[PDB]
>>> print(open('work-v3.cif').read())   # mmCIF, C-alpha atoms
data_entry
#
loop_
_atom_site.label_atom_id
_atom_site.label_comp_id
_atom_site.auth_asym_id
_atom_site.auth_seq_id
_atom_site.Cartn_x
_atom_site.Cartn_y
_atom_site.Cartn_z
CA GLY A 733 -38.72 -17.23 4.38
CA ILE A 734 -40.99 -19.00 1.92
CA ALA A 735 -44.49 -17.58 2.13
CA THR A 736 -47.93 -19.12 1.77
CA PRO A 737 -51.54 -17.88 1.94
CA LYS A 738 -53.01 -18.12 5.41
CA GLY A 739 -54.72 -21.47 5.91
CA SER A 740 -53.32 -23.05 2.75
CA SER A 741 -52.80 -26.80 3.04
CA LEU A 742 -49.36 -26.36 1.42
CA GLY A 743 -47.90 -24.49 4.39
CA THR A 744 -46.89 -27.57 6.37
CA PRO A 745 -45.28 -29.61 3.56
CA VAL A 746 -43.13 -26.69 2.41
CA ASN A 747 -42.06 -26.12 6.01
CA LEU A 748 -40.98 -29.74 6.39
CA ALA A 749 -39.34 -29.56 2.95
CA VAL A 750 -37.15 -26.62 3.92
CA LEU A 751 -36.27 -28.40 7.17
CA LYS A 752 -35.18 -31.45 5.18
CA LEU A 753 -33.19 -29.39 2.68
CA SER A 754 -31.42 -27.56 5.50
CA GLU A 755 -30.55 -30.93 7.02
CA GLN A 756 -29.13 -31.84 3.63
CA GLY A 757 -26.39 -29.71 2.14
CA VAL A 758 -28.64 -28.33 -0.59
CA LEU A 759 -28.96 -24.89 1.00
CA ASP A 760 -25.32 -24.56 2.04
CA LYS A 761 -24.11 -25.97 -1.27
CA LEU A 762 -26.29 -23.57 -3.27
CA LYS A 763 -25.28 -20.55 -1.19
CA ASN A 764 -21.59 -21.41 -1.37
CA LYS A 765 -21.71 -22.05 -5.12
CA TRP A 766 -23.89 -19.18 -6.37
CA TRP A 767 -22.05 -16.67 -4.20
CA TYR A 768 -18.36 -16.40 -5.17
CA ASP A 769 -19.06 -18.49 -8.28
CA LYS A 770 -17.72 -15.86 -10.71
CA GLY A 771 -16.10 -13.18 -8.58
CA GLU A 772 -14.25 -11.08 -11.14
CA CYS A 773 -12.33 -8.93 -8.66
CA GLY A 774 -9.89 -10.90 -6.53
CA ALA A 775 -11.30 -14.02 -8.18
CA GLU A 782 1.07 -9.24 -2.80
CA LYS A 783 4.05 -8.61 -5.07
CA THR A 784 7.23 -6.65 -4.36
CA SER A 785 7.80 -3.66 -6.64
CA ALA A 786 10.22 -0.76 -6.70
CA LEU B 514 19.08 -0.57 -9.13
CA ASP B 515 15.55 -1.94 -9.56
CA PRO B 516 14.67 -1.58 -5.85
CA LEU B 517 14.79 2.20 -6.27
CA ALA B 518 13.19 3.75 -9.33
CA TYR B 519 15.17 5.97 -11.66
CA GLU B 520 13.56 9.15 -10.35
CA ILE B 521 14.81 8.44 -6.84
CA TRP B 522 18.39 8.01 -8.03
CA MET B 523 18.20 11.28 -9.95
CA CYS B 524 16.84 13.16 -6.95
CA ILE B 525 19.44 11.48 -4.73
CA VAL B 526 22.16 12.93 -6.93
CA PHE B 527 20.46 16.32 -6.86
CA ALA B 528 20.21 16.28 -3.07
CA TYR B 529 23.79 15.06 -2.63
CA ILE B 530 24.99 18.04 -4.64
CA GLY B 531 22.67 20.41 -2.80
CA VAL B 532 23.77 19.20 0.61
CA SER B 533 27.46 19.31 -0.26
CA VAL B 534 27.17 22.85 -1.59
CA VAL B 535 25.12 24.02 1.39
CA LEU B 536 27.58 22.50 3.85
CA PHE B 537 30.51 24.13 2.06
CA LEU B 538 28.76 27.49 2.08
CA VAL B 539 27.60 27.37 5.69
CA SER B 540 30.95 26.27 7.06
CA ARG B 541 33.01 28.73 5.02
CA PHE B 542 31.17 31.95 4.31
CA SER B 543 31.28 33.57 7.76
CA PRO B 544 34.71 35.26 7.94
CA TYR B 545 34.28 35.81 11.68
CA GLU B 546 34.65 32.17 12.71
CA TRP B 547 37.62 31.18 10.53
CA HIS B 548 39.33 34.59 10.36
CA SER B 549 41.69 33.54 13.16
CA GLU B 550 44.06 30.66 12.40
CA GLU B 551 43.04 30.89 8.74
CA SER B 564 40.11 27.52 10.23
CA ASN B 565 37.75 24.88 8.84
CA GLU B 566 38.50 22.01 6.47
CA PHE B 567 35.02 22.03 4.88
#
>>> encode(input="work-v3.cif", output="C-alpha cells")
Amino acid sequence: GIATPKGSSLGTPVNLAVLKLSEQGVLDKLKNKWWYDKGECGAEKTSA
Amino acid sequence: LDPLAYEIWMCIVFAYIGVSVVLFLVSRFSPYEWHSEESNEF
C-alpha cells in the first residue's frame, strides 16, 4: 500500500488514483509484464 | 538401437552369458539327480 503522512491532503487523491488505476488495466498489465518478462529458466523430449 | 544405450546392450550380452552358464551349471553339476537314466538336456 502507498503510504502518506497522517493528515496530509494528498492521502485522498492518491487513494482515488490507485482505485482508478486498478479499474484500468495499468496494475494488471504492469504486474504481468514485469514479472515473467525475461524469465531465463523455462523462458519434454524422448531420449534413450 | 538408439532406444537402448550402448552400455545396456553390452550388459545385456554379459547377463545373457552369465545366465546361460549358471543355468547349465545348476542343471548339470549335481550327479545325484541325473545319475539315473544318464538325465537333463540343459
>>> closest_atom_pairs(input="work-v3.cif", of="chain B", to="chain A", cutoff="7 Å", atoms="all atoms listed in the file", output="JSON lines")
{"residue": "B:515", "atom": "CA", "partner": "A:786", "partner_atom": "CA", "distance": 6.2}
{"residue": "B:516", "atom": "CA", "partner": "A:786", "partner_atom": "CA", "distance": 4.6}
{"residue": "B:517", "atom": "CA", "partner": "A:786", "partner_atom": "CA", "distance": 5.5}
{"residue": "B:518", "atom": "CA", "partner": "A:786", "partner_atom": "CA", "distance": 6.0}
>>> residues_around(input="work-v3.cif", residues="residue 566 in chain B", least_positions_apart="3", cutoff="10 Å", atoms="all atoms listed in the file", output="MDAnalysis selection string")
chainID B and resid 537 540:541
>>> atom_distance(input="work-v3.cif", atom1="CA of residue 762 in chain A", atom2="CA of residue 750 in chain A")
13.4 Å
>>> atom_distance(input="work-v3.cif", atom1="CA of residue 746 in chain A", atom2="CA of residue 768 in chain A")
27.9 Å
>>> residues_around(input="work-v3.cif", residues="residue 543 in chain B", least_positions_apart="5", cutoff="12 Å", atoms="only C-alpha atoms", output="PyMOL selection string")
chain B and resi 537-538+548-549+564-565
>>> atom_distance(input="work-v3.cif", atom1="CA of residue 524 in chain B", atom2="CA of residue 783 in chain A")
25.3 Å
